[PDB]
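To start, the structure under review is shown below, and the notes come after it.
Protein chains: 4
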Amino acid sequence: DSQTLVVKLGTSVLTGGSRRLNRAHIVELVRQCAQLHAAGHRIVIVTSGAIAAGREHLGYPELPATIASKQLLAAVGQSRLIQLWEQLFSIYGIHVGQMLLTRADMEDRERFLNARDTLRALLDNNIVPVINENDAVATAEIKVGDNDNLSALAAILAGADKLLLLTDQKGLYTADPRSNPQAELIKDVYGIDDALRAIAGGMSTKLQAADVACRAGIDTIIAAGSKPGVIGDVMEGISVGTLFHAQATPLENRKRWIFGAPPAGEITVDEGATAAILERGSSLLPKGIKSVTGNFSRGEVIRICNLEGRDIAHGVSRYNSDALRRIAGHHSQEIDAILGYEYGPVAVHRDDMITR
Amino acid sequence: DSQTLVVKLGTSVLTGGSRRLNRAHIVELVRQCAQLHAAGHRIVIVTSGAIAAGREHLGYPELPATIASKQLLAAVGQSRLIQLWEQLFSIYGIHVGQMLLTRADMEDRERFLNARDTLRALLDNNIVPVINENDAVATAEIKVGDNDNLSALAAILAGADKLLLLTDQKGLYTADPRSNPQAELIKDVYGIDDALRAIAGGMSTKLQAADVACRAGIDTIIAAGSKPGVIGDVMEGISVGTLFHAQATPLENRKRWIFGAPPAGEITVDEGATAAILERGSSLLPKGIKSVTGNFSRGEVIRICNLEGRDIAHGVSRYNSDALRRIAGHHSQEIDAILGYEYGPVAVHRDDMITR
Amino acid sequence: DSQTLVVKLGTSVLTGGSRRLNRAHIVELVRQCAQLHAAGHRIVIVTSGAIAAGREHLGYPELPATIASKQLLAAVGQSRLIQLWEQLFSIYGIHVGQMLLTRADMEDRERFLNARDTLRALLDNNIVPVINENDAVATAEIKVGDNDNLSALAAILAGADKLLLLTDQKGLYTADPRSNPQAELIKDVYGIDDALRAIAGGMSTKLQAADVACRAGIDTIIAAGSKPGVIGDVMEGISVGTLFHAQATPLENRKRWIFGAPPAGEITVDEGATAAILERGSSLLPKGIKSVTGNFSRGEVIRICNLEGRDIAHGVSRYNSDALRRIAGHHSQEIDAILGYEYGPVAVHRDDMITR
Amino acid sequence: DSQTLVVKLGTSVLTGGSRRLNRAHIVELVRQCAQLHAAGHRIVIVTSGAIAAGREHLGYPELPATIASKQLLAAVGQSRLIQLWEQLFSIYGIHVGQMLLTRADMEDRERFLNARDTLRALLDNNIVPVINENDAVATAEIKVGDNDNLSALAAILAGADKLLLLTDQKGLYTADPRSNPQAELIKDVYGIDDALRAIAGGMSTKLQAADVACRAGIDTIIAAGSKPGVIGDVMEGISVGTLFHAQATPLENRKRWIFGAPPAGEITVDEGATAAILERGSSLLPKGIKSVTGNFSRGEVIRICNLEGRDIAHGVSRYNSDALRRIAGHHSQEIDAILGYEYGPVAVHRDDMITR
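Residue numbers (PDB author numbering), protein chains in the order written: chain D, 3 to 203, 213 to 367; chain F, 3 to 203, 213 to 367; chain A, 3 to 203, 213 to 367; chain G, 3 to 203, 213 to 367.
Below, the structure is given as structure tokens:
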């Protein structure tokens, strides 16, 4: 039973509060992730701390306290941190791929599809993808966010089953643990309410990320990074911290994604592909396409109908309108010859369509 | 509370079993219908017996017993019977309009709309329409039917509330009244079943017509023509014979009619007409039309969507695609100048659309 | 879905503030009303401004400023205004009938019934009734009322669905629009309260009329006469001004009207008429009348009891006690022969009775 | 949704009735299997026809007609056939492993486990295992079987989802297609009954194999090898021939396997391992082993009890009793050091145990 787990590591976890990255905790977490990877599961890591790596690499220069200095340090520390992650993961014979993402890319229809394809290829080829925010075009308000929302966005993009947010605190407490000896860690949360938001006073960003993840049907867990064996216990199902149950199901999230926007086009599907879609629930091939109407780009939601005209399904197009028009009715092997490139053998994947 | 009532009169009721029409029974029924018309209700009459009128007018010639002779007699008796109906109805100051229909016209999308428009105009101008079967292009297999199915089709076309089938028998009996003194008249029927079909052995055609009418949400009543004041009692709701309750609602029948066939085209609607359709359920005017896609004729079901592309409603077009394209964005008063004709001020009527 | 609308036009709307009637605005309003009438609805018009018509017709004579001069001017302006209204309405092929009413006529039981019958006949024969206050016998305080209360009385009499009061202002305002830029238009009002009365300081008469109409279950709308297409929008349901939702229901108003006073008499009703009244809710016919007890006039609320003497319903008599006694147990076609006149074929109408 | 498929190819399919192997059909089937393998599924091949390869390699010598000659030919044809299979599969970059099994090996408890482990390793390393009957120690009656029962045994061993039996006939027929034009293909079979056995008269071996597979919870399909794209259609779900639905479920088959014989021993399990086994359904580790009672070999079903002695589960031991006693309470990484060999890091796998 392979599962996809997304692990988010804040700068506090990576550095331990110091000016430099502390590699003992990182190597322990890498050991746990390597054990999980060897178990047959899929791991995605969202990291931070490029500024610390940039400071360490440049010999700790005395730059003015300005956003320009932070951008410079991030630019150097991105490469430095990816190098460190690769060195640490090579001990257990695991390759690491770098991915730089921003929220605007996730909002875009086509760039979302491209990022999903890249991540899926990385995961299928047994490579752990390391995801970070592109600090070249980021803003200060994004910088103070510490990739909390980006973690939830990546969890949605990867189709993960659990999202783990490592934090200095042990999780969410009913009251202040310092003042109140009776204050205790909340174990299960089934709905993020205003009372919980009032209780948590940057725990707010983590709460927002957990809400976003749970709304899409992904379980969110907040725990302490220093807790030994936290990743293995999390993935086994043992309780180690505050747990946010998924309010929805992945099918509901897919329905919302497909029906969130009006269709941008329509295609006509022959009898055989109609039977394949309705009875077997299979994907759609360019051979079955008979006519494409409207103008749309790759990733836009389109309408699928048979020869008569009855709507049968809505799906996400993998090619733009011109490409679909040029490759309609041809075998999947001629797509590269016709277009000079290809995005796969299917025009609409079975998991990106809703039938009715 | 005006209601639409459809009365069907077989040749047995009209002639009383004789070779010629018996005008006393007909004038009594006309008196009842005239009382109902003066009460403010709308009456539609489906009649037969053109052959008897043709025989009487031609001096009862000794024609050979052939279908050609029957067509001859029907051709003459159509005019003779319409003349008789007009003479009888003129006594109470009511005009009569003739309409000849066939099931093929009902099946056709456009001819159905044209017939509905003609009937609606006749009913709105306080004129009783008399409906018969066009025997010039008819076959013997429906000549034996005696307008039983045509009565149900006319009831559906007129949007009637009740359908009354006058016949020789008092209605439907549990057993044979002659053999069984315990056999009694069935008063209410809620679902037409195989047991009821086996009970009645041409009552079968009447049962089929009643089933068709009930499936569309129209109450069907079977009574005896010789019963005094039958039409008035049926109008008031008093029990006079076998009653078949409507299994469906008119809204359900409209939904079935709209979604029975896939849309044949799509039109684009501005925001004002979108608000009119959604908030108030108003009809669609040619002014609000922005774009017309596809090819279709008058009466075809089309798809309506706003500027973004989200589907808002499905409706039945009143103009063909070319006419809609030519009159899009114009005021309703310019339709006649643009096209040389018009079908009304609206492009899609509110009662011919289903918001979604 | 035919609806009845009552439109009240003040002198300010008619004259535009000048000394003479501005016929462009009037012809625009008449065009809107004619479109509604052609659509199948029913329109009732309450109008003022006879003084301006009288001044214009008499060549603007130099009269002393006294109520005698106002009455003198109105005595001619009534005819001039009715002539103007019929001239404007004849453009769209609509006839106009004149109705001169006072509040005292509304108070009387029999005069109310006579006025209601006349108005119902006018409406049923597609004739727009123009209603104005009889200034021959009116007082100065009645003149200063500007037919505001008379408009509500006419709306109650006609059983209209909506009442529209055209005025100079755009509607009711939370604060003074001139002084306070934040002042906005109160779109909906569900209950007229002390605060609303304090806010608006002849707006008070309009509020009183709106309250009277709402307590009778008739929606009241206050809008601006200069607003283009205000009448069509009001009929459709668009928000064009302050809307006063009906506090009660028409059934509540009917119950209040019937049970306002104790019955002035009682009649004996046969068992068949009792069955029709109870089971079918039918009206009462002179044939079913068995005995007439007490003395009363036409329009008075009477008590209806069966043969056993049990009270079955309370209704309004369409005849006097003597006439009902004379025509009791006779057919409806002989009422004219017996009495020399006929008030209708029924003794008590179903809508004028309360079964209990 | 990766699936495991077992394909059985008779000598008739391989040779087409000739004396030599016809490599065109074989390469077509290899192409289909390679497409399925690239799709991510797992393929297991059971093949025959080594005699033809031996005859071809030896230049078709004139051997006497005896079973000795058949064994002589098979001893070379085995190597020749494996070489041919690997040559054909190397075109699509797929490696091939040889597997020589007999029924007696399946009967033995430990040999069954060894074969299962070898096959699982082959499948997990993306290597297609080719399975054939060891003719060195086989008998003539086994030779007549044509690997029909061996195919079912291999399907059970591999835990395949579907078993495909390719033959010359299109499937199972109600009557003789030649004699009766009305004879048609029996698409679905839910229970193998004596009537079906009477219908089919070496088809009977195929029915026996299908029954054995179905009783183990594996779907069996009989189709024609010459049918184009038969393997892809079988994997998709299209009906290409007679289908034998699984009568039992995999859980039922596992229970039957575990409880077929009484346990040969018992071990004592710590409380943490008990909690993992019961709450989480985890496998049993050598660390949690507290005591080993009785003597048994690897693969025997043994009894699992907690410290209290209560029976918690029944499972299959991956080691012998002596090895388990030696490595009891030791970490998994030291098993190889203690024993000089390792059968895996777990004592009893979760899928090989039945909690109770």
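Cβ atoms here follow ideal geometry from the backbone N, Cα and C, with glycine treated the same way.
For the region 244-263 of chain F, the beta-carbon criterion of a distance under 9 Å to any beta-carbon of chain A is satisfied by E247, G248 and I249. With a cutoff of 8 Å on beta-carbon distance, D:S294 and D:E311 are scored as not near each other.
Classified as exposed, D:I69 has fewer than 16 neighbouring CB atoms from the shown chains inside 10 Å of its CB. Identification of chain G residues near D:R291 by a Cβ-Cβ cut-off of 8 Å yields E247, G248 and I249, ordered along the chain. With fewer than 16 other Cβ atoms from the protein chains shown falling within 10 Å of its own Cβ, F:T260 counts as exposed. C-alpha of A:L174 to C-alpha of A:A358: approximately 45 Å in a straight line. Contact between D:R309 and D:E112 is confirmed by a C-beta separation of about 5 Å, below the 8 Å threshold. In the assembly as shown, A:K217 is a buried residue. Its beta-carbon has 16 or more other beta-carbons within 10 Å.
The Cβ-Cβ distance between D:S50 and D:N182 does not fall below 8 Å.
In its chain, beyond the 5 residues on either side, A185 have a beta carbon closer than 7 Å to the beta carbon of F:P179.
Taking a Cβ-Cβ cut-off of 8 Å, the neighbours of D:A275 in chain F comprise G320, given in sequence order. In the displayed model, G:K172 falls within coil according to three-state DSSP, outside both helix and strand. In the DSSP assignment, the residues bridged to A:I278 are A:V303 and A:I315. With contacts defined by Cβ atoms closer than 8 Å, F:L31 and F:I242 form a contacting pair. The alpha-carbon of A:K301 is positioned some 13 Å away from that of A:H342.
Across the structure, D:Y354 and G:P63 are spaced so that their CA atoms are roughly 55 Å apart. The residues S50 and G51, in chain order, have a CB closer than 6 Å to that of D:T13 in the same chain once the five nearest residues on each side in sequence are set aside.
With 16 or more other CB atoms across the displayed protein chains lying within 10 angstroms of its CB, G:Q80 is buried. The closest CA to that of F:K172, considering only F:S71, F:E290 and F:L187, is found on F:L187. The Cβ atoms of F:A55 and F:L86 lie closer than 8 Å to each other. In the three-state scheme derived from DSSP, where H, G and I count as helix and E and B as strand, A:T366 is classed as strand.
For A:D107, the closest of A:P273, A:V46 and A:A156 by C-alpha to C-alpha distance is A:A156.
Between G:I313 and G:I349 a beta carbon distance of about 20 Å is seen, past the 8 Å cut, so the two are scored as non-contacting. In the structure shown, A:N24 falls within a coil segment according to DSSP collapsed to helix, strand and coil.
For D:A76, there is no enclosing beta strand (DSSP E); the residue is part of the alpha helix (DSSP H) that begins and ends at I69 to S92.
Taken in chain order, the complete beta strand (DSSP E) segments of 3 or more residues contained in the region 313-352 of chain G are 322-327. Less than 8 Å divides the Cβ of F:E282 from the Cβ of F:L318. The criterion of a C-beta distance shorter than 8 Å is satisfied by A:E58 and A:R22.
Straight through space, the alpha carbons of A:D230 and A:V251 are spaced by roughly 14 Å. The shortest CA-to-CA distance from G:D3 to any of G:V9, G:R44 and G:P273 is the one to G:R44.
Nearest Cα to F:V223 within the set F:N116, F:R321, F:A257 and F:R82: F:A257. Secondary structure of D:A234 (DSSP, three-state): strand. Beta bridge pairing from DSSP links D:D190 with D:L254.
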